[PDB]
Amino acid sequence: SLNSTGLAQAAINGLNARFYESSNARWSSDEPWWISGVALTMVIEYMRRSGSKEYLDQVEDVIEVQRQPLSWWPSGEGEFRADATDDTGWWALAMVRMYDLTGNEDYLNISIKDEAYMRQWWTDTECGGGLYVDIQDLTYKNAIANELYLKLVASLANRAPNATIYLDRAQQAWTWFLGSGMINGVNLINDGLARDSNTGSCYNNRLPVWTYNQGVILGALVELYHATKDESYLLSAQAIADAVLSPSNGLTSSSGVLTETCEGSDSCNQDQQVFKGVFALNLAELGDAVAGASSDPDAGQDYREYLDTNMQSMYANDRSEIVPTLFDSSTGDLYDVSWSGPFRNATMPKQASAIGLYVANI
């Protein structure tokens, strides 16, 4: 009915025409640096699922420049090692995807360097495990930094030469995450952990439920299944997904459209504008593993129909075409944050989220 591959390329062309900076090999320097790594992930995954290699040259140029020691964190010594573990995690998983697309061991070596870098802030003395997100302060063990790390060690357990240690690290990380309390009573993941003032024990801080905190964990459990052939990991991922799928949990609208919790008040900041695309791409990873792990043709079809239903709503209601000029013949599509509301503007985080949903249906 619809060509998700064609609309994905048009969305990537719209991302490049309005937000790419050739002089810096980066999308929107006025936006967070880690979202540029998410945009790189979506472009690499587009090329992987579609078999195309249009943006290969552009993406290697981005890596070569962003590999260098960051001006705001020279102690990281480059290779995407930043002042925050989650920032490093986004780029590390992008290198895992580039290694899957090209097979170049160079990109896998970056993810290995990033794993050892992030492990430096894993402590068993607080919360019984987990790593911090604020490297400079060490005051928060949130969900995203531990979900990105868990998916990284689980991915290296399937690709790295010394994969046994990465499997043990991933198995012990999922054990800590499941026992941390971040997964609440409805199988949704709150934002992070809080520390008791007197006892020191950690507990769910009951902070907002973000869509991207229910996606990265799915890809981690998928990789944990590919490394162990244990369908128990998928069943855990299906429970988290099914909770997001249920309209009674507030994440799925009555029309069946994914809605971030800030969309109602129109207060989604620069970070939250990209959350939805991250979940969609990871949900496609979970659906692909579920359909292959069983013989039922209807396996994972609930997840495919959801991504399809969300695509048509974003197409019909959130799309906007770039105006071609007599000097600038750049064609492409632009998208806002609400996958069902109206198009009012378009920024790079919302554009990257739109690409993720199109790629999640290829």
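A residue's number is simply how far along the shown sequence it sits, counting from 1.
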item	value
Between 192-200 and 175-183 (mean CA B-factor, as deposited), the higher	192-200
Selected stretch [higher average CA B-factor]: 44-52 or 315-323	315-323
Out of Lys151, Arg119, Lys229, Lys141, residue topping the C-alpha B-factor column of the entry	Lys229
Third of the chain's Cα B-factor distribution that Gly250 belongs to, per the entry	middle
Third of chain Cα B-factors occupied by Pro69	middle
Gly103, C-alpha B-factor rank within chain (lowest, middle or highest third)	lowest
For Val337, the third of its chain into which the C-alpha B factor falls	middle
Chain-wide C-alpha B factor ranking for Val216, given as lowest, middle or highest third	lowest
